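I have placed the structure first, in the form of structure tokens, so that the comments after it can refer back to it.
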There are 2 protein chains.
Amino acid sequence: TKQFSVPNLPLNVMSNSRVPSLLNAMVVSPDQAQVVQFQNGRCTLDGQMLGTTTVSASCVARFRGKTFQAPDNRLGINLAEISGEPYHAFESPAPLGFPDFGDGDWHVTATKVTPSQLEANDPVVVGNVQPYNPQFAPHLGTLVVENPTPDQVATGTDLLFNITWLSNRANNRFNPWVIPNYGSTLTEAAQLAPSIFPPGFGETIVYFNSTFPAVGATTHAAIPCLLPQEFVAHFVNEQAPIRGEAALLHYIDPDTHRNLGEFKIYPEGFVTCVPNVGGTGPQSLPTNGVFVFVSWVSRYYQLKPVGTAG
Amino acid sequence: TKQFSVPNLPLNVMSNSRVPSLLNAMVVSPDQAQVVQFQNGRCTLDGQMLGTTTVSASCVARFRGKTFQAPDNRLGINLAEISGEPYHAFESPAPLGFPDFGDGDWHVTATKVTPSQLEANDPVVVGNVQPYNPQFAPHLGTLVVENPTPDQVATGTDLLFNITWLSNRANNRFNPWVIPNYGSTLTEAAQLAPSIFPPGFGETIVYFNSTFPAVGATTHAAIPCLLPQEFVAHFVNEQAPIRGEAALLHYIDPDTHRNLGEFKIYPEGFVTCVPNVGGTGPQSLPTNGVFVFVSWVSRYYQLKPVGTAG
Ligand SMILES: CC(=O)N[C@@H]1[C@@H](O[C@@H]2O[C@H](CO)[C@H](O)[C@H](O)[C@H]2O[C@@H]2O[C@@H](C)[C@@H](O)[C@@H](O)[C@@H]2O)[C@H](O[C@@H]2O[C@@H](C)[C@@H](O)[C@@H](O)[C@@H]2O)[C@@H](CO)O[C@@H]1O
Ligand SMILES: CC(=O)N[C@@H]1[C@@H](O[C@@H]2O[C@H](CO)[C@H](O)[C@H](O)[C@H]2O[C@@H]2O[C@@H](C)[C@@H](O)[C@@H](O)[C@@H]2O)[C@H](O[C@@H]2O[C@@H](C)[C@@H](O)[C@@H](O)[C@@H]2O)[C@@H](CO)O[C@@H]1O
Ligand SMILES: [Cl-]
Ligand SMILES: [Cl-]
Ligand SMILES: [Cl-]
Ligand SMILES: [Cl-]
Ligand SMILES: [Cl-]
Ligand SMILES: [Cl-]
Ligand SMILES: [Cl-]
Ligand SMILES: [Cl-]
Ligand SMILES: [Cl-]
Ligand SMILES: [Cl-]
Ligand SMILES: [Cl-]
Ligand SMILES: [Mg+2]
Ligand SMILES: [Mg+2]
């Protein structure tokens, strides 16, 4: 009998669930090629996270591990959870929050996190991770940092990594839809968050975008996700049981309470709308509105078209 | 009619409200030398943020601005809000989320954020900010990045800054309690979040600590804050009116459901406990417990001592 709700925070104060950035737009992308299968920002309406999704904003697209010396002055990393708890294979696709961008270089900045190594001196290590490299095995807990600086880092150093920026592979653009190949063969427990297929009734998937230093992207420096991280954290906190086939939301002007558009959020944890034909759908709406739960509805509830005709 | 609550997320999945890091401890510091007056992580129980506190996890201890050339190849920054909205003086102490560490160097990593500047090439600028230097004027919207790399950045470049690490000043240790001098004279509107005084009844302030690359700290790489960021986000979302002089919380083992300790959270937005005499108070409790609202209480409700005798 805990009733379902969404966070009533304005869109442009909530954050991406695949990079640590503010949300500043929502778009649709119906005629786009890739499957939709992000591993971060995946959460059911009753609060079960899927893939590698963490509830922790400060773990989104981070990773942590201990260093070892790999061939040709490459820096191997044995992964742990960002909390420092051990990471074991065969249970999830990768550690919690682990970045899910497969189509380009991760230019990373790391710091030492052992307090005894933080009494003095420069704790930073930088480098790049190439998820398309053959020595990228996050399911089994290991990856490589190419061209580290310093070249020489003592074995067993505990490092916490951030993605400072992403870039395209040579002669391609960087597609932020493409998830990594996590390697191995995943147990049933460690299964990827499923892919999401286009719903019916003229509906198209809604993406929440952030501007992000993603250099050479197909999207013009924009990272899409299926749910704001605050939605993930809200559903995990609430654990409201699913009581309908989908959940109708209204996107409200917060001051004047006018309804700016109708959306559906499905049990599997993604939002849809029906774009006004020939326009950008929700992209033209102001970004300072607030989502509110109206009611559960069935799958065939017909949404009012949102946006302008063009 | 909206009843008060706190997020029922385990402590060690919630995040600091003064740096973007996981919480991994809670401590007390009764014989602490400094006043308690953080500007980030400040929120009333009914959801009014104070100081520079933002609701947005991805704005905590970040800042943004446009570059200009300052004397001696110093890199001046004209601040904006992290959202890119303009920042104007005389309304807040500094932009939303602006870092509130005054006692040491900020070693910062910035990226370009203009999509047209992100089609190719390396978008990173690094440097350090010295909040104790005379050209640090965050209230009026301007600061300086010393020793930038590149040392030549075009004027008017939009940059988003993160604090990669902090370090002590020469011949001192870095005290993370010390807030910056924001400069100028603050209007009534732009007032600092007030300082917090020790409450009675044998209570002492509870700090939520993160391990963080703060080099040479008085705390050994630990950043304290008064509220998890998720508490800030929760109170802003809920807006539950204050209906008592303080709010009694229990810190519950989430599986065994047993009570590990009693705490009070006050309307002004800080947590207290009564340490068992001679011990570290809440510091010895497991960090995977969950805070639960019991009831409103008066200021003179007597907490059972928490922790061990030593
Ligand atoms: C090794 C190096 O410096 N290479 C330069 C190019 O940059 C590399 O380009 C690759 C794709 O072709 C890939 O994106 C690499 O990640 C990228 O290397 C990164 O960026 C450079 C600038 C350095 O900082 C490296 O340390 C870093 O790993 C560069 O290509 C241009 O920029 C990159 C970011 C990419 O957008 C590419 O498409 C652009 O043409 C070229 C020309 O500037 O110069 C070197 O080859
Ligand atoms: C300019 C420089 O390289 N200085 C070195 C010292 O580092 C500086 O120390 C200052 C305090 O005395 C202050 O913290 C500066 O921020 C710090 O400079 C930073 O760290 C160094 C290592 C470089 O990366 C700089 O680019 C950066 O700005 C260094 O002091 C020792 O480390 C620092 C972090 C601090 O903890 C200090 O107390 C330590 O003694 C010394 C000895 O290694 O070497 C240079 O002087
Ligand atoms: Cl019911
Ligand atoms: Cl709602
Ligand atoms: Cl989690
Ligand atoms: Cl240690
Ligand atoms: Cl049903
Ligand atoms: Cl219906
Ligand atoms: Cl009532
Ligand atoms: Cl209620
Ligand atoms: Cl509660
Ligand atoms: Cl805010
Ligand atoms: Cl009482
Ligand atoms: Mg899992
Ligand atoms: Mg203000």
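Residue numbering restarts at 1 for every chain of the structure tokens, chains are lettered A, B, ... in their displayed order, and ligands are numbered from 1 as they appear.
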### Task
Counting only C-alpha atoms, collect the residues of chain A whose closest atom lies at most 7 Å from chain B, and write them out as a PyMOL selection string.
chain A and resi 7-9+13-15+20-22+55-58+111-113+115+118-120+211-216+220-221+237
Could those selected residues go to a file with N, CA and C atoms, as a compact mmCIF listing (two decimals), in the first residue's frame?
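The result, stored in selection-v9.txt:
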# COMPACT_ATOMS: atom_id res chain seq x y z
N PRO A 7 10.20 11.71 -8.06
CA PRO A 7 10.69 12.93 -7.42
C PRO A 7 10.14 14.16 -8.13
N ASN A 8 9.68 15.13 -7.34
CA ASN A 8 9.14 16.36 -7.92
C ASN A 8 10.21 17.45 -7.98
N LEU A 9 11.42 17.10 -8.38
CA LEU A 9 12.50 18.03 -8.66
C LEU A 9 12.46 18.47 -10.12
N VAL A 13 17.53 20.42 -12.46
CA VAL A 13 18.36 20.25 -11.27
C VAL A 13 18.70 18.80 -11.00
N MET A 14 18.08 17.86 -11.70
CA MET A 14 18.41 16.45 -11.60
C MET A 14 19.62 16.13 -12.47
N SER A 15 20.13 14.91 -12.33
CA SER A 15 21.41 14.53 -12.91
C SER A 15 21.30 13.31 -13.81
N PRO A 20 28.27 11.81 -14.29
CA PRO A 20 27.92 12.76 -13.21
C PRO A 20 27.76 14.19 -13.71
N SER A 21 26.64 14.46 -14.41
CA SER A 21 26.36 15.78 -14.97
C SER A 21 24.90 16.15 -14.78
N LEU A 22 24.64 17.46 -14.72
CA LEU A 22 23.28 17.96 -14.71
C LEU A 22 22.55 17.54 -15.99
N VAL A 55 22.77 3.11 -6.70
CA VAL A 55 21.95 4.20 -6.18
C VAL A 55 22.77 5.45 -5.92
N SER A 56 24.10 5.34 -5.90
CA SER A 56 24.99 6.39 -5.39
C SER A 56 25.40 7.34 -6.51
N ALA A 57 24.96 8.59 -6.42
CA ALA A 57 25.29 9.58 -7.44
C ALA A 57 26.79 9.65 -7.67
N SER A 58 27.56 9.55 -6.60
CA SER A 58 29.00 9.73 -6.71
C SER A 58 29.71 8.46 -7.18
N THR A 111 42.90 9.30 -8.40
CA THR A 111 43.68 9.70 -7.25
C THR A 111 43.89 8.49 -6.37
N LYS A 112 44.99 8.51 -5.62
CA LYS A 112 45.13 7.60 -4.50
C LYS A 112 44.00 7.85 -3.50
N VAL A 113 43.61 6.79 -2.78
CA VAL A 113 42.55 6.91 -1.78
C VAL A 113 42.94 6.29 -0.45
N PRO A 115 44.54 6.62 2.97
CA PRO A 115 44.91 7.83 3.74
C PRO A 115 46.41 7.93 4.01
N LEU A 118 48.30 9.79 1.48
CA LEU A 118 47.76 11.12 1.24
C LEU A 118 48.24 12.10 2.30
N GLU A 119 49.39 11.81 2.91
CA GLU A 119 49.98 12.75 3.86
C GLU A 119 50.76 13.85 3.16
N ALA A 120 51.18 13.62 1.91
CA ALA A 120 51.98 14.57 1.16
C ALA A 120 52.00 14.15 -0.30
N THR A 211 24.93 17.82 -21.33
CA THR A 211 26.15 18.24 -21.98
C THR A 211 27.33 17.69 -21.19
N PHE A 212 28.30 17.12 -21.90
CA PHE A 212 29.40 16.42 -21.27
C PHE A 212 30.59 16.47 -22.21
N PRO A 213 31.82 16.53 -21.68
CA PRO A 213 32.99 16.59 -22.57
C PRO A 213 33.19 15.26 -23.28
N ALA A 214 32.29 14.95 -24.19
CA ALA A 214 32.38 13.76 -25.03
C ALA A 214 32.79 14.27 -26.41
N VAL A 215 34.08 14.14 -26.71
CA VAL A 215 34.66 14.80 -27.88
C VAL A 215 34.39 13.94 -29.11
N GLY A 216 33.92 14.58 -30.18
CA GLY A 216 33.69 13.86 -31.42
C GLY A 216 32.50 12.94 -31.38
N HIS A 220 26.80 15.59 -30.52
CA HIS A 220 27.17 16.96 -30.17
C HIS A 220 27.29 17.12 -28.65
N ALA A 221 28.25 16.38 -28.09
CA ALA A 221 28.63 16.50 -26.68
C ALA A 221 27.46 16.25 -25.72
N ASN A 237 14.55 4.01 -2.77
CA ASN A 237 14.12 4.44 -1.43
C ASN A 237 12.68 4.04 -1.15
### Task
List the neighbours of residue B:291 out to 10 Å using only C-alpha atoms; skip same-chain residues closer than 4 positions along the sequence, and give me the result as a ChimeraX atom specification.
/B:5-11,248-254,259-263
### Task
Skip stretch 182-199 of chain A itself and residues of its chain fewer than 2 positions away, then list as number ranges by chain all residues within 7 Å of it, counting only C-alpha atoms.
A: 35-37, 39, 50-51, 90-93, 137-139, 180, 201, 203-205
### Message
Can you tell me, as a ChimeraX atom specification, which residues in stretch 204-275 of chain A count as helix (DSSP H, G or I) by DSSP?
### Response
/A:229-238
Selection to disk with N, CA, C and O atoms, as an mmCIF file, in the first residue's frame:
data_model
loop_
_atom_site.group_PDB
_atom_site.id
_atom_site.type_symbol
_atom_site.label_atom_id
_atom_site.label_comp_id
_atom_site.auth_asym_id
_atom_site.auth_seq_id
_atom_site.Cartn_x
_atom_site.Cartn_y
_atom_site.Cartn_z
ATOM 1 N N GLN A 229 19.182 10.114 -12.251
ATOM 2 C CA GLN A 229 19.687 9.355 -11.109
ATOM 3 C C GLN A 229 18.775 9.519 -9.897
ATOM 4 O O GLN A 229 18.562 8.563 -9.135
ATOM 5 N N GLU A 230 18.198 10.716 -9.726
ATOM 6 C CA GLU A 230 17.234 10.941 -8.650
ATOM 7 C C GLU A 230 16.014 10.040 -8.775
ATOM 8 O O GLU A 230 15.399 9.698 -7.759
ATOM 9 N N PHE A 231 15.625 9.663 -9.996
ATOM 10 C CA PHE A 231 14.557 8.676 -10.136
ATOM 11 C C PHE A 231 15.015 7.323 -9.603
ATOM 12 O O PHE A 231 14.306 6.671 -8.825
ATOM 13 N N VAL A 232 16.213 6.896 -10.004
ATOM 14 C CA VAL A 232 16.780 5.659 -9.479
ATOM 15 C C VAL A 232 16.778 5.692 -7.960
ATOM 16 O O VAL A 232 16.208 4.812 -7.301
ATOM 17 N N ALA A 233 17.363 6.742 -7.380
ATOM 18 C CA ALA A 233 17.416 6.834 -5.921
ATOM 19 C C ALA A 233 16.020 6.893 -5.315
ATOM 20 O O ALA A 233 15.791 6.350 -4.231
ATOM 21 N N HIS A 234 15.069 7.525 -6.007
ATOM 22 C CA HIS A 234 13.718 7.618 -5.470
ATOM 23 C C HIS A 234 13.061 6.243 -5.418
ATOM 24 O O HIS A 234 12.466 5.863 -4.402
ATOM 25 N N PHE A 235 13.174 5.476 -6.504
ATOM 26 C CA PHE A 235 12.504 4.181 -6.561
ATOM 27 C C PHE A 235 13.128 3.197 -5.576
ATOM 28 O O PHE A 235 12.410 2.439 -4.914
ATOM 29 N N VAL A 236 14.464 3.210 -5.450
ATOM 30 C CA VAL A 236 15.115 2.350 -4.467
ATOM 31 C C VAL A 236 14.665 2.712 -3.057
ATOM 32 O O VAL A 236 14.427 1.831 -2.223
ATOM 33 N N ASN A 237 14.546 4.010 -2.766
ATOM 34 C CA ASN A 237 14.124 4.435 -1.432
ATOM 35 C C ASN A 237 12.678 4.039 -1.146
ATOM 36 O O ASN A 237 12.354 3.627 -0.030
ATOM 37 N N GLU A 238 11.795 4.161 -2.141
ATOM 38 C CA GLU A 238 10.363 4.010 -1.909
ATOM 39 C C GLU A 238 9.910 2.554 -1.943
ATOM 40 O O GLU A 238 9.070 2.155 -1.133
#
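Residues in contact range of residue B:64, defined as at most 7 Å between only C-alpha atoms, with sequence neighbours fewer than 2 positions away removed, read residues 79, 80, 81, 82, 159, 160 and 161 of chain B.
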### Task
Give the strand (DSSP E) residues of stretch 135-258 of chain A, as assigned by DSSP on the backbone, as number ranges by chain.
A: 142-149, 158-168, 204-211, 214-215, 222-225, 246-252
### Message
One decimal, in Å: what's the spacing between atom CA of residue A:269 and atom CA of residue A:226?
### Response
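Spanning atom CA of residue A:269 to atom CA of residue A:226 is a straight-line distance of 7.5 Å.
Reported to one decimal place, the separation of atom CA of residue A:33 from atom CA of residue A:129 is 25.3 Å.
Counting from atom CA of residue A:96, the distance to atom CA of residue B:43 is 28.7 Å.
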Neighbours of ligand 3 at 8 Å or closer, counting only C-alpha atoms and all ligand atoms: which residues, as an mmCIF file with N, CA, C and O atoms, in the first residue's frame?
data_model
loop_
_atom_site.group_PDB
_atom_site.id
_atom_site.type_symbol
_atom_site.label_atom_id
_atom_site.label_comp_id
_atom_site.auth_asym_id
_atom_site.auth_seq_id
_atom_site.Cartn_x
_atom_site.Cartn_y
_atom_site.Cartn_z
ATOM 1 N N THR A 1 0.810 -1.208 0.000
ATOM 2 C CA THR A 1 0.000 0.000 0.000
ATOM 3 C C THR A 1 0.854 1.272 0.000
ATOM 4 O O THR A 1 0.318 2.383 0.100
ATOM 5 N N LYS A 2 2.175 1.130 -0.089
ATOM 6 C CA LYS A 2 3.010 2.293 -0.374
ATOM 7 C C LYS A 2 2.732 2.758 -1.799
ATOM 8 O O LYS A 2 2.915 1.998 -2.757
ATOM 9 N N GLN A 3 2.267 3.988 -1.946
ATOM 10 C CA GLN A 3 1.861 4.447 -3.265
ATOM 11 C C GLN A 3 3.052 4.913 -4.099
ATOM 12 O O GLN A 3 4.060 5.398 -3.577
#
### Query
Which polymer residues have any atom within 9 Å of an atom of residue B:279, counting only C-alpha atoms, with same-chain residues fewer than 3 positions away left out, as a PyMOL selection string?
chain B and resi 275-276+282-284+307-310
If you take only C-alpha atoms and all ligand atoms and a cut-off of 7 Å, which residues of chain A touch ligand 8, and what are their nearest atom pairs and distances in Å to one decimal, in chain and number order, as a tab-separated table?
residue	atom	partner	partner_atom_place_in_ligand_line	distance
A:297	CA	ligand 8	1 (Cl)	4.4
A:298	CA	ligand 8	1 (Cl)	4.1
A:299	CA	ligand 8	1 (Cl)	6.5
A:300	CA	ligand 8	1 (Cl)	5.7
A:301	CA	ligand 8	1 (Cl)	4.0
### Query
Contacts of stretch 67-73 of chain B at 10 Å or less, counting only C-alpha atoms, minus same-chain residues fewer than 5 places along, as an MDAnalysis selection string?
chainID B and resid 78:79 142:148 151:159
